[PDB]
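Examining the three-dimensional arrangement
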Amino acid sequence: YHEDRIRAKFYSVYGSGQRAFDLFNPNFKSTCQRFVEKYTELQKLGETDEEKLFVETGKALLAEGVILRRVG
Amino acid sequence: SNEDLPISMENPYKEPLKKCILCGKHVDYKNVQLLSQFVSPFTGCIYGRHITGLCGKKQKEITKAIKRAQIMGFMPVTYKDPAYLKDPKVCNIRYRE
Amino acid sequence: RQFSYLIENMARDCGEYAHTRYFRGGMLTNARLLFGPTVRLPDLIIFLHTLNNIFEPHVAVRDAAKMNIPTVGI
Amino acid sequence: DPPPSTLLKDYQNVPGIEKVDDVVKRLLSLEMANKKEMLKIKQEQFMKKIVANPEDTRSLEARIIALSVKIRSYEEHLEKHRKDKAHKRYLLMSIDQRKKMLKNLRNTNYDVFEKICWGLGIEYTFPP
Amino acid sequence: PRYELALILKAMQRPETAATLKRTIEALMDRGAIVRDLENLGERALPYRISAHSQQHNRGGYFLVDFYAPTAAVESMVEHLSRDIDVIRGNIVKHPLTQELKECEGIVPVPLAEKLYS
Amino acid sequence: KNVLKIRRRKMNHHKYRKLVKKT
Amino acid sequence: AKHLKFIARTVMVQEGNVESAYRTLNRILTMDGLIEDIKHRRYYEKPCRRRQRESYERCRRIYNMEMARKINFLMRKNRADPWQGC
Amino acid sequence: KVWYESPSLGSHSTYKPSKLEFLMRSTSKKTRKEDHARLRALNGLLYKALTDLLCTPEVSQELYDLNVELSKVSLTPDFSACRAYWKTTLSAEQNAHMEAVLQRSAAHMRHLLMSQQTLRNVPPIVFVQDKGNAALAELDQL
Amino acid sequence: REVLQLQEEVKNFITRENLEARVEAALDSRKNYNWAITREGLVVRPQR
Amino acid sequence: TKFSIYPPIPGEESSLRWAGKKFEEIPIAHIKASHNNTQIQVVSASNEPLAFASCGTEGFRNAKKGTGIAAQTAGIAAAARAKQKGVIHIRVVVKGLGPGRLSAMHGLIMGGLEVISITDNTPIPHXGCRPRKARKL
RNA sequence: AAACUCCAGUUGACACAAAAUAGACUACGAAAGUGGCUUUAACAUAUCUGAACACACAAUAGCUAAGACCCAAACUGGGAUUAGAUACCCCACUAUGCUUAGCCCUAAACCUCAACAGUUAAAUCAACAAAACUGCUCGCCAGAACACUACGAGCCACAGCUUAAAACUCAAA
Ligand code: FES
Ligand SMILES: [K+]
Ligand SMILES: [K+]
Ligand SMILES: [K+]
Ligand SMILES: [Mg+2]
Ligand SMILES: [Mg+2]
Ligand SMILES: [Mg+2]
Ligand SMILES: [Mg+2]
Ligand SMILES: [Mg+2]
Ligand SMILES: [Mg+2]
Ligand SMILES: [Mg+2]
Ligand SMILES: [Mg+2]
Ligand SMILES: [Mg+2]
Ligand SMILES: [Mg+2]
Ligand SMILES: [Mg+2]
Ligand SMILES: [Mg+2]
Ligand SMILES: [Mg+2]
Ligand SMILES: [Mg+2]
Ligand SMILES: [Mg+2]
Ligand SMILES: [Mg+2]
Ligand SMILES: [Mg+2]
Ligand SMILES: [Mg+2]
C-alpha cells in the first residue's frame, strides 16, 4: 500500500513505538498509524514535498502530546 | 474500480543487504596493521572467510594483499607481527587455554 | 489434536459422527471386513483439516474419493 | 603506429588541451598509456579514412576495421611470443571471422568492399 | 601508466640515504618517467632477514615513489634496481589508486543446493 | 556398472601386445 | 629460517603447568591445520586423490551442517505434549 | 540432496528425543534408515556444546584453568544418560584435581547446557576419565 | 575537469631542479598507511 | 598483571625474569622427536652447546630407540649434563611429531630443569621437496 | 639388516626443484588445463549450425638433442621376508618428472549430458543416472564375438597412431 512507504520511514526514524500492539482490538491504532493518518491529511492540503511533509507531521503529533523518541 | 486494492511496487520494508567489515574500504598491501588482523597470531596462517566473516571479494583482496606484502618485505609469513597483537580482534576464533 | 475434543463434541451435538483419532488402514476401502457386510458408510465426509500430522494429505481424502463419497474440506 | 606524442582518444577534443604544460601533454599521450590505447587511435584513423560515417560502429565496415586492428595486435604479440598457442588460436579465429565479414560485405556492398580492402591492405582470396 | 615503486633501502645515514633516493629518482627520469611524489614510510625492522649484494640486512628504509612511465620503462627499471647495492628490495606495482573500487550493495546469499551440485 | 566389456578389451590388447612382442 | 625465533608457535608456561601449555600449543597447531598438514605430508598424495578427498570433506561438512540445522529447527517442538489424551 | 541420502518421507516430523517418548513407542518398531542419522548428529551437537563451555572462562574459573579436552561425547539412544570422555593427564596428582572439579561442575554444567533452548532437554551427563588402559594401572597397584 | 585537476598536481611533481629539496623534505617526514578495522566497520587510525 | 601466553618480544621492556635473566638469555633445549629416535641438545642463548642426549646415546637400539620411556630417559640424561653447567630454566623448541615429543620434555623436568616456554619448529614446506610414495601396507 | 659415520644436533650461508594457510572459494580458459609475487602483452565473432582426414591445439607416459639436478622415481644393485625367485618393506641409484629446441598425438581426454534456440503446459516418467520435453543442425549407431584385429592408405610416428573389415562361430550378447 502507499502508506507502507510512510511506515517504513517511520520505523526507521522513530523505531517501533514503546506502546504495544493490541491485535485483538479490530480498531487499534498505533503511533505509526496515527502518524500515517496525519501524514495523509497534510498531503491532501496540497503539500507535495516528502522530506518536508514528514517533519511537519512529527511536530503536529508532539503538539497533541504524542511521544516520538528518535532512534538516533 | 476500488481504492483499497493492493498496489504494485517494491518492498518498502526491505532491509539493506549485509556488508562485511571492510565493505567500501581500500585494502592496501602496505597497510600491514589491517592485514595482520586476518592471520593467525601463532602460525601466520591466513584465516578462511568462515573465521574472518569477509565476503568473497574482500577475502580475495586481503589474501592477495597479504601475499604481496609478505614477499615484498612488509609482512612476516610465519607469525603475526607482535606489534599488532593488541589490535581489535575481528576474527571468530578462540585459541588460548 | 488441538481441536480433537472440540470436533468430537460438535459431531455429538449435531447428531453426526467424528473421527479425530489415528486413521487405520482400510476404514473406508475395507469397511465391510472391519465393521461387517451390512455396514453403511458415510454419505458426506467433512475435513476440518485435510493434512495429517506429517503434513501429508489425510488418507481419507483419497479413500473417500475411491468409495465415491463427497468431501467438504477446509 | 601513431606517434607517441599523440593524445588519447578521450582527451583529444577537450578545449584548451594545446595550452597545457608539456608534462600534462605527456601524461595524456600514447607514451604513458598501454598498447590498447594505441589501438583505439589506429581504429579511429582507419574509420575516418575508410567508412562513410566514422561514428557508425555497428556497420559491417567498422567491425572489419575493428577486427583488423585486433588481428594486427595478435600478429605483433606472436612475433615476440611464438609458442603462445592461446593467442595463435585467437589470431587464426580472428582471420577466419574477418574473411566471413568480407565475404558478406562483398556480397552486399561491393563499392564499400573495395574501399575496405584498399584501406586495410587486405587481398581477398576465394577459399579452396 | 601510473606505477608505485615500493623501495626498501639499506639502513644508512641521512647523507647516503638522500644520495640513494636521488640516484634512484634520476634513473626513473632517465627512462622517461614523470615522478609524482616521494614518501618516507620510516626505518623499521624487516619482517625477515634479507640477503642482498653479499650482505645480510635486518633493518631498512621504506620509501615509496609514485610516478608515471611508459610500459617499457618497468622492465628496464627493475634491472636497474637489481644492481644498486644500497637497495635491499625494490618492487614496481601498478598504482593502487588507479584501480577504481566498484560499489558493493552487500552480501547476497549463495544457496546450499548450488554449493553441492556446482 | 560392471567392467566386463572393458575386461574383454583389456585382455585382447594384452594378447596383441604380447603377440607383437614375440614376432 | 630467516624469521625471528621464539614468536611463531610459542606458548608460555604458567605456574609450571607444562601439561596445560603443551595442550594449548597442540590445540593451536590443530586449529590452524598444521598437525593434520604434517601428517598428510609424510607421503605423497597423488593430485587426483587430493581432489577426491578435498571434495568429499567439503561435502561432508555441508551435509553435517545442514543436518544439524534441521535437527535444531525440529527440536523446538520437543516440549511436553500439550494435548495429551487426544 | 547429495550422495548422502535425504529421501525420508516424514522429513517434516518434529523430532522428539525425550525419555517419555521411548516408553510410548511400539515394541515392534525398529530404527529406520535415517533414524540413526539424527542420533549420530545430535550426539555430535552435545560434543560441540560441552567443548565451548570448557574453554570459556565465564562458565567457571576453575574449569577454565584446567584446560580440559573432551576426547569423545556419545549420548545414549535410551535418552536416560549421556557419555562424555575427557583425556587424562600424566600426573596422577593432576588427574585427581581435574576429576574433582569436573565432578562438581557437571551438576551446574547441565543447567548451563539447558541455556541452549534447542538442546534444553539434556540427559544427565556422564564424564569418563580416559583411563583407556587401566588394566596395567590396576594390575601394577596390586 | 580531469585536465584541470592534473594541471595543478603537476606543480607539485618532482623535477630535476627540485629533486634534492624534495628528497630531503621526505627524510624528515613520515607517511603511515596503517589502520585497523573493528567489528562495527569503523577505522581505528594509529596512535601517532 | 594477567598472564600472557605470548612470549616477551625482544627489545621491548618486560618485567618477567628468571633468576635475574631475561627471556632472550634463557638457554634453549632443542628436542628433535623423530619417528625412530629422539635427540635433545641444550644450548645457551649464544648458541654454545651445553648438553646432548638421545635415545641412541642412552643405550637404546633399533625399535627401542623410538618410545616414550626412551625419550624420557634421554631427557633426564641431557638435564643432568646441563644442570652441571649451571642451567635451571630452559626454553623448549621441539620439532617433529615423534613419540618422544612430550616425553622428552618430561625427562628434562624430572632432571631438575624448569621449562618456561614451549616452541614448535616442525618443518612444514610451503609447496618444497616431493615426499616419498605411500608405503604399500 | 644393509647403508652412513667430512655422520647427527644447534647456528649461519645457500635453487634452473616445488608452490602451506587463503581455498568452507568454485573463478579463468576451446578443451587439455590453470591456485607463490611483480610487470608487459593479452583472452575471436552484432544470427546460429558447420570436418577422423583441412587449419590450429591437445594431461600423463614416450622419442631426439643440449642443460639443470633438491626431492621423487620405472629399471638396476644391495639388505630383509620367503622352501626359493619376483613383488609387498628398507638402502643406494638411473631413465623419467624440470629447462630449451624439435617430435609423438594417446586417456575412464568423463558433467560417461553434441551445438544453438525455446517451454514448464500437457502424459511427469520403462529403470537407474541428472525433472520432462519441443524446434533446428551436424556427428554417429543398426545382435554378440572375431575386433583398440587383418589388409589398404596416410603420418617426423618403425614393438607406433588414425581410419577399419571379412570368413569361420553362436542364440543369445
Ligand atoms: S560486503 Fe561489500 S565488499 Fe564485502
Ligand atoms: K604457495
Ligand atoms: K587449498
Ligand atoms: K568421470
Ligand atoms: Mg579375447
Ligand atoms: Mg649394520
Ligand atoms: Mg561455427
Ligand atoms: Mg566426415
Ligand atoms: Mg571437430
Ligand atoms: Mg582422434
Ligand atoms: Mg601431448
Ligand atoms: Mg618429456
Ligand atoms: Mg633420493
Ligand atoms: Mg635423474
Ligand atoms: Mg620450475
Ligand atoms: Mg580430465
Ligand atoms: Mg558440433
Ligand atoms: Mg518412475
Ligand atoms: Mg556387431
Ligand atoms: Mg589404444
Ligand atoms: Mg592398429
Ligand atoms: Mg598396416
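Heads up: the structure comes first, above all this text.
Residues numbered from 1 in each chain as written, not as in the entry; some residues may be left out. Chains lettered and ligands numbered in written order. Part of a larger assembly, values for the part shown. Heavy atoms only, no water. Residues with missing side-chain atoms left out of burial classes, pairs and counts.

**Some words on the pattern of salt bridges**
As a reminder, the rule being used: Put simply, a salt bridge is a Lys or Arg side-chain nitrogen that is within 4 Å of an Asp or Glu carboxyl oxygen. Strands here mean DSSP runs of E at least two residues long; helices mean DSSP runs of H or I at least four residues long; both are numbered from the N terminus. Burial classes: relative accessible area under 20% of the type maximum marks a residue as buried, over 50% as exposed, and values in between as partly exposed (1.4 Å probe, protein chains only).
In this structure the tally under the stated criterion is 47 salt bridges over all chains. Note that E:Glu26 is salt-bridged to I:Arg16, the shortest N-O span being 4.0 Å. Taken together, the positions of E:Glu26 in helix α1 (residues 14–30) and I:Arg16 in the loop between α1 (2–9) and α2 (19–27) put the pair across two chains. Since its relative accessible area comes to 25%, E:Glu26 is described here as partly exposed. Put simply, I:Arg16 and E:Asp30 hold a salt bridge, and the shortest N to O gap is 2.7 Å. Here E:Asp30 lies in helix α1 and I:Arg16 lies in the loop between α1 and α2, a pairing that spans two chains. For E:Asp30, a relative accessible area of 59% puts it in the exposed group. Overlapping salt bridges bring together G:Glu45, G:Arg50, G:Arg53, G:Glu54 and G:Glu57 as one network.

**What to know about the interface of chain D and chain I**
Formally: Residue contacts are counted whenever heavy atoms from the two residues lie within 4.5 Å of one another. The term buried area refers to how much accessible surface (probe radius 1.4 Å) is lost by two components on association, counted for both of them together. Classification used: nonpolar for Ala, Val, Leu, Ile, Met, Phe, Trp, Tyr, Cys and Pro, charged for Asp, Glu, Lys and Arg, polar for all others including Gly.
Each partner contributes residues to the interface: chain D has 10 residues there, and chain I has six residues. Sorting the residues of chain D by area buried against chain I places D:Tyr11, D:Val24 and D:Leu27 first, and these three jointly supply 54% of that buried surface. Connecting chain D to chain I are zero salt bridges. In the side of chain D that touches chain I, the residues fall into eight nonpolar, no polar and two charged.

**Some thoughts on the nonpolar core**
Rules: Definition used in this section: a nonpolar core is a set of buried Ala, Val, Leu, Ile, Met, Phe, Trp, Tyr and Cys residues joined via side-chain atoms within 4.5 Å.
Judged by nonpolar contacts, the single largest core of 80 residues is most densely connected at B:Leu22, B:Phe38 and J:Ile118. With sequence-adjacent residues up to four places away left out, J:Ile118 is seen in contact with G:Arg9, G:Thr10, G:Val11, G:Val13, G:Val18, G:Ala21, G:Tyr22, G:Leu25, J:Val92 and J:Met105. Counting 27 residues, the second largest nonpolar core, distinct from the first, contains E:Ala18, E:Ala33, E:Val65 and E:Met77.

**Remarks on the environment of G:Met75**
Here G:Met75 lies in the segment after α3 (47–74). Taking relative accessible area as the criterion, G:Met75 reaches 3% and is therefore assigned buried. For the pair formed by G:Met75 and G:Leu29, sequence separation is 46 residues and the distance between their alpha carbons is 35 Å. The contacts of G:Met75, once residues within four sequence positions are left out, are H:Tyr15, H:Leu42, H:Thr118, H:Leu119 and H:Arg120.

**Topic: the protein's contact with RNA strand K**
Test applied: Definition of nearness: a residue and a molecule or strand are near each other if at least one heavy atom of the residue lies within 4 Å of the molecule or strand. In protein, a polar contact requires one atom able to donate a hydrogen and another able to accept it; more generally it is a pair of N or O atoms within 3.5 Å, and residues adjacent in sequence count only if both atoms are side-chain atoms.
As a structural note, the neighbourhood of RNA strand K is formed by 86 residues, with B:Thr63, D:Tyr90, J:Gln39, J:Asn47 and J:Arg130 the closest of them. Backbone sugar and phosphate groups make up 72% of those atoms of RNA strand K lying within 4 Å of the protein. At 3.3 Å, a side-chain N or O of B:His50 approaches a base nitrogen of RNA strand K. In the model, a phosphate oxygen of RNA strand K is placed 2.5 Å from a nitrogen or oxygen of the F:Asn12 side chain. Residue contributions to the surface near RNA strand K peak at 11 residues, all from helix α4 (residues 85–108) of chain D.

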